[PDB]
Amino acid sequence: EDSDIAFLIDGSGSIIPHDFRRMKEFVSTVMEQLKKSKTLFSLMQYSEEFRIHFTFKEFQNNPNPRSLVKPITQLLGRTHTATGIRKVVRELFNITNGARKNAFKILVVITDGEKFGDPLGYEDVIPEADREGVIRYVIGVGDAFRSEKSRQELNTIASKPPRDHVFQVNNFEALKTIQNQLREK
Amino acid sequence: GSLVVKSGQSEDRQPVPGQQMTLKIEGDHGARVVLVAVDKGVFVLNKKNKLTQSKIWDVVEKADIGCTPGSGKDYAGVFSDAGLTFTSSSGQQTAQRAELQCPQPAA
Amino acid sequence: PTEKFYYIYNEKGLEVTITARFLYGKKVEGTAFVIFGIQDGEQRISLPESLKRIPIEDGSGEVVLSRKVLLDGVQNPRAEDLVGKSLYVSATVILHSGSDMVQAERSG
Amino acid sequence: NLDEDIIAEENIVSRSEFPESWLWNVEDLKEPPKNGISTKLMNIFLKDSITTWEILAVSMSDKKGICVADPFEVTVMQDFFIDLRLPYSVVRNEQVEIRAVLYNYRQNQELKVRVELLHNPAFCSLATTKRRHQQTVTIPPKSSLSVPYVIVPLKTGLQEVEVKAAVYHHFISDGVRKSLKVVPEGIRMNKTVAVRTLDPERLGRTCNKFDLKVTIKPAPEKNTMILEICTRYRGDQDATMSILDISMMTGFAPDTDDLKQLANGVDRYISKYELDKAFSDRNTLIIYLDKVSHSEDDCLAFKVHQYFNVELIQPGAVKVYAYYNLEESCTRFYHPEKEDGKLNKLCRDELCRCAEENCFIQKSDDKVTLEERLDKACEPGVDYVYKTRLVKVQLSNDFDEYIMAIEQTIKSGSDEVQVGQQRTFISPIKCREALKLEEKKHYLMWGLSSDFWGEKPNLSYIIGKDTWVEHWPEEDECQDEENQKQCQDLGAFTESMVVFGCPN
Ligand SMILES: *[C@@H]1O[C@H](CO)[C@@H](O)[C@H](O)[C@H]1NC(C)=O
Ligand SMILES: [Mg+2]
């Protein structure tokens, strides 16, 4: 089977630079320790404006993740989470960027759980990921769990069940649930 | 053989709408399996004429050629009651079988 | 009904247990409409005096048709004609919501 | 903007998929067998429907043959959810009722919900585009609440309804999204006169069992009113147990003790729990009757109280039927000023649109300068801006008609308007007095191309949420020093609108 892995990081100002560094480094480790067959990686940084830091084509041609992740900055915008997702499903999972049909499609949403200024809601874009069939792993950060409505924003983003998908970034055993879900898949 | 439909992730308290579930099917080798999931709310409206493996055998056992649970009046009827014909060179033979359906007339 | 049939001399009359439950796996709290009738082959006769309006208690209920009430209805009081007649029961239960409504039946 | 602590409707992923059956699947058993058993594990998705999913299967191997299975049960639910209960055969262009039941299976935690009936241009609801309809409620653990919602099916066919309920100081939300069939009537033959000029210019090359009179009256001495019902049966002999479903005008509740007083009443009964239910969200009431008469009026009445203050109030609803038959029911809606309790809409030969949004664009703001005045006049939406004089007035129950005398065409739009012309502007009856409008007065007015009632040249005008109207006095009525500031901005609005025209 075909392992298509996408990565969506928040860059909003609410992301303190230390949270942000953890994100970039955790992603790079996620890919690194996901060194395994037939896995493809693409990334976009999301805030109030979006910019895909690498596509799948650019990844099959460049396997070194550290080379892909170093140049990434913070955006310091607003937080258009909902809009970011249609940018993931409509662009990253397009055949034009490398997307293969009948592949295991996973989205890694890495944010603190605070959408703001987004004109789009979730009731259009979440059922979209499900009608397209993308299994959504969410990685909350900093104080993504201090508040109540943030952490539920996460389960709102994460596919069900959220206990199996919602994880903190510093936790090192966020991969093994998925690293393993493929070993006989 | 055997066909079984059970969950494949016992480690779940209660399924949640939208969630993926691992379904463990055990079965005969090389078989084609035909599936259905029904809202049990349907059965609240109607549950007549639903399919069972035992309804299937009812059909087959109903189709049996024998027409008696036991013996017959003589050597011959034991065979014919069982759905058999016996014929020997000496002349002893089962009666004739002239009907596809069992001999109770108007039954 | 307690026993699949109706015993003609059962002094109790007939005790009936109402089980009402949601599809998802939870028990229902409400109130019931119980009506009975008789069927003679293709000929059915409704039994108007027996309708009872009765509560439903934590997914469980009991209703009792006393033999006194039972016998007052009957048309021809006791005969062999009565045998060969079966009974059917129509149940209409309304939730505390007042909204959802279910028609149920035991026949034969 | 009172409280900041709820999940936004805009982010409430509803329940979507409710198949009455699915997974018609056909899968093949390739697995290396152990024990003489190949084992298959098909990871799937759980539909947005809360029910136990029964699974039925059949193994057709050519060697052993067919084989039915032991059905499999997958028990699905959430702690707190909704299910929505609708009819099936509803009729377009007829006000109806729905009921939404939120269940709570949390064992010890009560809940406060803000739930919105979601806006739909296919339905005449209380929910305009911009004016939400959010009801706030509370739930006892291990209990569910019935919420009524009366609507008008404005269109035909497969219409979906949505309601999103969100909670406070807790986690989940939910949403129901469920379709059904809407259909037409076709009569349009109500007391027609022989030639009523109904025809256009360019074409061509029901309670049959029940008497039910419900009237809600007021009280003598927050606010309490009287509910009155008056019922009968039409037949040869009196009828069996009849039922009433009664639902509360938004934020209403009956008088707990008069409720008790009535239940001891002859031929009547309401169990204790729906009778000692709490004043917190006691909202839907069911009353069962021993029998109903075919011979005369047996009425009933009792008190209702106002638990929460909102200016606009869903009609109450009252649905009565024989215990055995729901489908030959009779439904009435009540409202004290709305006769027969029906929402205001606007109707032509077979079309209607919902007239229930704010009467006109909100007045009395601190800001009345040319700057904002022009901005709402320089917007593209403004098709027409006229200045007329209130010439004639047709007042009526439905709507109240103001006959306007256009002398000048300031800015025509998609309109072909001649000079010295008389045109019909409408305002709903609920709005009439709020407008403080008098004939013989000049008015400078504006609206949109979308806000034109009819087709040419037998047309009319409608004052909507965003229509702007303002009276214009005479020359002898603006010379006052008090009235300077108004007539100042009128003169400068006009001239700079006139000279410059529109910017673009
Ligand atoms: C029939 O006329 C009455 C008023 O006389 C009105 O209330 C009702 O809406 C009309 N019905 C139809 C179908 O036009
Ligand atoms: Mg931010």
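For the protein sequence lines, the chains are Y, U, X and R, in the order given. For the first sequence, PDB author numbering gives the first residue as 131, with consecutive numbering after it. For the second sequence, PDB author numbering gives the first residue as 539, with consecutive numbering after it. For the third sequence, PDB author numbering gives the first residue as 216, with consecutive numbering after it. Positions 647 to 851, 1237 to 1252, 1261 to 1543 (PDB author numbering) are the ones given, in order, by the fourth sequence. Where is the CB? At the ideal position from N, CA and C, for every residue including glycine.
Residue i - partner residues in DSSP beta bridges
i               : result
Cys1369(R)      : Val1359(R)
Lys544(U)       : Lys562(U)
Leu757(R)       : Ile785(R)
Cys1386(R)      : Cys1391(R)
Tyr267(Y)       : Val238(Y)
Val813(R)       : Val759(R)
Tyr1423(R)      : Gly1486(R)
residue 1008(R) : Inspection of chain R shows residue 851 followed directly by residue 1237; residue 1008(R) is thus not represented.
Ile701(R)       : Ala575(U), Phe718(R)
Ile309(X)       : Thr246(X), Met316(X)
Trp1492(R)      : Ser1499(R)
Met1264(R)      : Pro1249(R), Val1343(R)
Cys770(R)       : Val798(R)
Beta-carbon spacing of residue i, residue j below 8 angstroms
i          : j          : result
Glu253(Y)  : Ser280(Y)  : no
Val798(R)  : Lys1377(R) : no
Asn1348(R) : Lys1261(R) : yes
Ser705(R)  : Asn750(R)  : no
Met1264(R) : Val1343(R) : yes
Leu284(Y)  : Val299(Y)  : no
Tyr1441(R) : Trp1485(R) : no
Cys770(R)  : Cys1393(R) : yes
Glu244(X)  : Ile271(X)  : yes
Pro257(Y)  : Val659(R)  : yes
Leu206(Y)  : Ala136(Y)  : no
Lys235(Y)  : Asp134(Y)  : yes
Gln163(Y)  : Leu312(Y)  : no
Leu757(R)  : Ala773(R)  : no
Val761(R)  : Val829(R)  : no
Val1359(R) : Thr1270(R) : yes
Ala233(Y)  : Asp140(Y)  : no
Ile250(X)  : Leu229(X)  : no
Residue i: CB within 7 angstroms of a non-hydrogen atom of ligand 1
i          : result
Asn836(R)  : yes
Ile1468(R) : no
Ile833(R)  : yes
Outcome for residue i when other beta-carbon atoms lying within 10 angstroms are tallied against a minimum of 16
i          : result
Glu1335(R) : exposed
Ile652(R)  : buried
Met835(R)  : exposed
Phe248(X)  : buried
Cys713(R)  : buried
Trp699(R)  : buried
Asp694(R)  : buried
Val1508(R) : buried
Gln1353(R) : buried
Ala1473(R) : exposed
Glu1411(R) : exposed
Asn192(Y)  : exposed
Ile225(Y)  : exposed
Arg851(R)  : exposed
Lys200(Y)  : exposed
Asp1320(R) : buried
Proximity test, residue i beta-carbon vs ligand 2 heavy atom, cut-off 7 angstroms
i         : result
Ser158(Y) : no
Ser275(X) : no
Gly243(Y) : no
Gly214(Y) : no
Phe189(Y) : no
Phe180(Y) : no
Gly270(Y) : no
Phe246(Y) : yes
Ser144(Y) : yes
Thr209(Y) : yes
Amino acids of chain B, ordered along the chain, whose beta-carbon sits closer than 9 angstroms to that of residue i
i         : result
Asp651(R) : In the structure shown, chain B does not exist; the protein chains are Y, U, X and R.
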